[PDB]
Amino acid sequence: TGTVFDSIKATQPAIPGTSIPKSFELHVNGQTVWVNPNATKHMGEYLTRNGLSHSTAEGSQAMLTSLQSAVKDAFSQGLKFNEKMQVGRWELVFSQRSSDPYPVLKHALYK
Amino acid sequence: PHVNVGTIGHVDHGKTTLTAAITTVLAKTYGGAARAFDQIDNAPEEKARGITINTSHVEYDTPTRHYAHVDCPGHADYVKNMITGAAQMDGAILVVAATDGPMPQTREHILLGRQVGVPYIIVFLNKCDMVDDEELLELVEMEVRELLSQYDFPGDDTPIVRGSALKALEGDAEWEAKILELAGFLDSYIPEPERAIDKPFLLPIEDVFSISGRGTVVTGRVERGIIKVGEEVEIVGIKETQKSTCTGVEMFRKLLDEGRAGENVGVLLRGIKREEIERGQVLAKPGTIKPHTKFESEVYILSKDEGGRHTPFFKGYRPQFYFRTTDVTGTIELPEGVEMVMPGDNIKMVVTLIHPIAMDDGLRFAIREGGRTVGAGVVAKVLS
Amino acid sequence: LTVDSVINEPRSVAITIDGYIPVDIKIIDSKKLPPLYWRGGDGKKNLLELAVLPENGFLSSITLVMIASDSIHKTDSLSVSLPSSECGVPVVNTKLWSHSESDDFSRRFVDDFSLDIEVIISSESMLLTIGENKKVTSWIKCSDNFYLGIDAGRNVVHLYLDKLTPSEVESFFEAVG
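Protein chains in written order, with the UniProt record's numbering: chain X, 3099 to 3209; chain Z, 11 to 394; chain L, 3 to 179.
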């Protein structure tokens, strides 16, 4: 049993140069949130902009851990759908279509 | 037990003959040399990878150790091999022909070997058969020790063998015994190299993050030593050195309580703020690394075919120096009388940087200008 | 902002429309170096990001992530008056990011949220206005299905879309929320 990747179900291959998938079902405290590819686009942008570091796996794991600790704090205050979030150093927006019984996350920014 | 040794000396003084004789004679008197491949093919300061060093190699085996012996064919290859860390060495074998004394090239080579920090050097006098007097041998054996002592080597304690490689590989005894005593000095005088896991802990920072409810985590690969949970670590770099404690170590597959050198890990710190940590910094054992701005070093500038300048640079040169994880622009001071530094020749220079960086003697670095690697160097002496 | 040139590189621009993310246009697949962004609108309810390479002024993707049903206005039909200007991918003077070399994302995102955004949507086409300003200048035409418009004050103001069939505005309205 891993530390963080046990809460992630991968749905697409990894972003070029990282170990985070393009989209995944994140299981935080039982809530299943599917991550839209835009959040992962911005996370890979963060991890690649610093330059290729060749130790991107642990950085990606820590980034996913930070994202989970932010989404649990988003659940702590209640989810504001289609609105920017107030979690410190982050900002997330959610949505829920009728076909999806699980909410979707469309935006992830790490300042 | 695997030990790496190198040869230093003039090309036509018979160092290749010595290597062949050592291999064949130790293969006769002892077992055959093992084919083991224990070492990597490259060096620290990864941006300096791909300089196309020649690095002539041989291997032999003694009853106690297995020796990988390396030598360079030319001056440029030798200086590139010493300045970069390719084919690391725990000891060097100085080869001087007793017929004609040490050369200025050999003097410059052992000066470079001191600057890069070659720990021990033993001397082998070749072609001692082509001289019919023991006193001239005594005087040249004294002057090589004098030279070694001039360049801070223990010239008084340096083992010296008076042999002849050619007659040794021609099957004549009393010379096979001399190169066997050479191998015995390799076994006895050269200590076991310091294992990387036993060195002081040091970790270059590559990326920094903050996890809500958990704290700040740094993600880099550890270069030296071991780090365990609960220990206090000092971060040293651009800002003033700070203290923190490791409240856990995270790895890509499982969470572990100790981080050994060579592993890519994630270190959780205590009390430190994301804004205070940057990339160019390093975690270390408190008091084991110090930040410096000025240092004397020996550098090799890449030639045109190696990807460097097509033109020389001058006193007003201001490049970037890429250390473990970042570049820092620095200003250089050239030796007296040096008006220009062409591409392809090695030179000493005193570099002073714009921000402090944690450094010790022997740390290697790359020299870039616009993101392209243009030279390689190793710090010889830290300054104020 | 500052837009200063156009190019003529023929390459396919793909435009998908998910039921989650309203709109997204990908003119090129950028992997040489990630882009840097300009974010416009109201930061809380109406966010529109624009990406541009750091090496030059070429764009990567401009997409709005969320828009309010009140900040849009559906009308009967287009005012499709279109003076065709030079075609191709525009460029941007990247002086806004004076120090993009610190490698901290904070100094990489310039976003003036003081400017709001309106969307005029119809069963025929959709246009986007920014800044609540009465400025109009030449209209760059990236592809026959996607046009763009600059203002007199050195900035992109109006966006336009063509050849859209309501079968995907169904998903667009499922995503606008």
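Think of the CB as a built atom: it goes at the ideal place given N, C-alpha and C, for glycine as much as any other residue.
message = Less than 7 angstroms between the C-beta atoms of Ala183 of chain Z and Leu28 of chain Z, yes or no?
response = No, they are not a contact pair.
query = Residues in its own chain within less than 8 angstroms of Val141 of chain Z by CB, not counting five upstream and five downstream?
reply = Excluding positions up to five away in sequence, the list reads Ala108, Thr109 and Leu147.
ask   = Under the rule that 16 or more other beta-carbon atoms within 10 Å means buried, what is residue 395 of chain Z, buried or exposed?
value = One cannot answer for residue 395 of chain Z here, as it falls past the ends of chain Z, which runs 11 to 394.
query = Which parts of the stretch 145 to 216 of chain Z are runs of the beta strand (DSSP E), unbroken and 3 residues or longer, counting only runs that do not cross its ends?
reply = Counting whole runs of 3 or more residues, the stretch 145 to 216 of chain Z contains the beta strand (DSSP E) stretches 170 to 172 and 212 to 214.
key: Closest by C-alpha distance to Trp40 of chain L, when choosing among L:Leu117, L:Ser7, L:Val91 and L:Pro24   = For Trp40 of chain L, the nearest C-alpha among the options comes from L:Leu117.
message = Tell me which residues share the same chain as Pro11 of chain Z and place their Cβ nearer than 8 angstroms to its Cβ, disregarding the 5 neighbours each side in the sequence.
response = In chain order, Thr74, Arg75, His76 and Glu202 place their CB closer than 8 angstroms to the CB of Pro11 of chain Z, counting only its own chain and leaving out the 5 sequence neighbours on each side.
inquiry  = Between which residues of its own chain and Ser79 of chain L is the CB-CB distance below 7 angstroms, once the five residues before and five after are set aside?
reply    = Excluding residues within five positions, the ones whose Cβ falls inside 7 angstroms are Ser124 and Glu126.
inquiry  = Considering Cα atoms alone, identify which of Z:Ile367, Z:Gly387, Z:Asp370 and Z:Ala368 is closest to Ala376 of chain Z.
reply    = For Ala376 of chain Z, the nearest C-alpha among the options comes from Z:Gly387.
query = At a Cβ cut of 8 angstroms, what residues of the stretch 3163 to 3183 of chain X count as close to chain L, listed as they run along the chain?
reply = Cβ contacts with chain L come from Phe3179, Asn3180, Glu3181 and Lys3182.
task = Say whether chain X places a C-beta atom closer than 7 angstroms to the C-beta of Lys33 of chain L.
result = Look at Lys33 of chain L: its C-beta is under 7 angstroms from a C-beta on chain X.
inquiry  = Quick check on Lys264 of chain Z: does DSSP put it in helix, strand or coil?
reply    = When secondary structure is reduced to three states using DSSP, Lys264 of chain Z falls in the coil class, being assigned neither helix nor strand.
The stretch 231 to 250 of chain Z contacting the stretch 291 to 306 of chain Z, beta-carbon criterion three pairs below 8 angstroms = Two segments are said to touch when three or more pairs of C-beta atoms, one from each, lie closer than 8 angstroms; by this definition the stretch 231 to 250 of chain Z touches the stretch 291 to 306 of chain Z.
request  = Could you tell me which of L:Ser83, L:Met68 and L:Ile27 sits nearest to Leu61 of chain L, measuring between CA atoms?
outcome  = The candidate whose alpha carbon is nearest that of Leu61 of chain L is L:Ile27.
query = Counting pairs of Cβ atoms below 8 angstroms between the stretch 51 to 67 of chain L and the stretch 355 to 368 of chain Z, do you hit three or more?
reply = Flag = no, the stretch 51 to 67 of chain L and the stretch 355 to 368 of chain Z do not touch.
task = Find out if the Cβ-Cβ distance for the pair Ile3113 of chain X, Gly3157 of chain X is shorter than 7 angstroms.
result = Result no, Cβ atoms of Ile3113 of chain X and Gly3157 of chain X do not sit closer than 7 angstroms.
message = Using DSSP's beta-bridge definition, name the partner residues of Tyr310 of chain Z.
response = Per DSSP, the beta-bridge partners of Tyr310 of chain Z are Z:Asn356 and Z:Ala386.
ask   = How long is the line joining the alpha carbons of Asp337 of chain Z and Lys304 of chain Z, rounded to whole angstroms?
value = Our two residues, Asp337 of chain Z and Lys304 of chain Z, have alpha carbons roughly 15 angstroms apart in a direct line.
task = Output, in sequence order along the chain, the residues in the stretch 3134 to 3162 of chain X whose CB is closer than 8 angstroms to any CB in chain L.
result = The residues in question are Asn3134, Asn3136, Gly3142, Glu3143, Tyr3144, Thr3146, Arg3147, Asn3148 and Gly3149.
ask   = Which residues in the same chain have their Cβ closer than 7 angstroms to the Cβ of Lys209 of chain Z, if we skip the five residues on either side of it in sequence?
value = Contacts found: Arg234 and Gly235.
request  = Could you name the residues of the stretch 261 to 277 of chain Z whose beta carbon sits closer than 8 angstroms to any beta carbon of chain X, in the order they occur along the chain?
outcome  = Of all residues in the stretch 261 to 277 of chain Z, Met261, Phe262, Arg263, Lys264, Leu265, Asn274, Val275 and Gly276 have a Cβ within less than 8 angstroms of some Cβ in chain X.
key: Of the residues X:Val3126, X:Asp3104, X:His3125 and X:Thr3138, the one placed nearest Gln3110 of chain X, counting alpha carbons only   = Selected option, being the one with the closest Cα: X:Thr3138.
message = Just verifying my parser: in three-state terms, what is the DSSP assignment at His3152 of chain X?
response = Coil at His3152 of chain X, not helix or strand.
request  = Starting from the N-terminal side, write out each stretch of the beta strand (DSSP E) that is 3 residues or longer and does not extend beyond the stretch 69 to 153 of chain L.
outcome  = With a minimum length of 3 residues, the continuous beta strand (DSSP E) runs that stay inside the stretch 69 to 153 of chain L are 86 to 89, 92 to 94, 119 to 123, 128 to 132, 141 to 145 and 148 to 152.
message = I'd like to know whether the C-beta of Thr3116 of chain X is nearer than 7 angstroms to at least one C-beta of chain Z.
response = No - not a single Cβ of chain Z is within 7 angstroms of the one on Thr3116 of chain X.
request  = Check each residue of the stretch 3185 to 3202 of chain X: if its Cβ is closer than 9 angstroms to any Cβ of chain Z, include it; give the result in chain order.
outcome  = Listed in sequence order: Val3185, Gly3186, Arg3187 and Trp3188.
ask   = Any Cβ of chain X within less than 7 angstroms of the Cβ of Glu216 of chain Z?
value = Yes, contact with chain X.
request  = Reducing DSSP to helix, strand and coil, say where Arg328 of chain Z ends up.
outcome  = Correct three-state label for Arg328 of chain Z: coil.
task = Taking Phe174 of chain L as part of the alpha helix (DSSP H), name the residues at either end of that continuous run.
result = Per DSSP, the continuous alpha helix (DSSP H) segment holding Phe174 of chain L begins and ends at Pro168 to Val178.
message = When you compare the CB of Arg234 of chain Z with every CB in chain X, is at least one pair closer than 7 angstroms?
response = Nearest CB-CB separation between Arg234 of chain Z and chain X: not below the 7 angstroms threshold.
ask   = Identify the residues that DSSP records as bridge partners of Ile299 of chain Z: which are they?
value = DSSP links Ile299 of chain Z through a beta bridge to no other residue.
message = In this structure, how does DSSP classify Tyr70 of chain Z when only helix, strand and coil are distinguished?
response = DSSP places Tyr70 of chain Z in the strand class (E or B) of the three-state scheme.
inquiry  = Suppose you measure from the CA of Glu144 of chain Z to the CA of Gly24 of chain Z; what does that come to, to the nearest Å?
reply    = The alpha-carbon separation between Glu144 of chain Z and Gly24 of chain Z amounts to approximately 21 angstroms.
ask   = From the beta carbon of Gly45 of chain L, is the nearest beta carbon of chain X less than 7 angstroms away?
value = Answer yes: the Cβ-Cβ gap between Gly45 of chain L and chain X drops below 7 angstroms somewhere.
key: Of the residues Z:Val351, Z:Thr383 and Z:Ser394, the one placed nearest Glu55 of chain Z, counting alpha carbons only   = Considering only alpha carbons, the answer is Z:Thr383.
key: Cβ shell of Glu186 of chain Z (< 7 angstroms), same chain only, five flanking positions each side left out   = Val35 and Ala178, listed in sequence order.
Same chain, Cβ closer than 8 angstroms to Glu268 of chain Z, neighbours up to 5 away in sequence not counted = Closer than 8 angstroms at the Cβ level, and outside the excluded window around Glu268 of chain Z, lie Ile236, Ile237, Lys238, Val239 and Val259.
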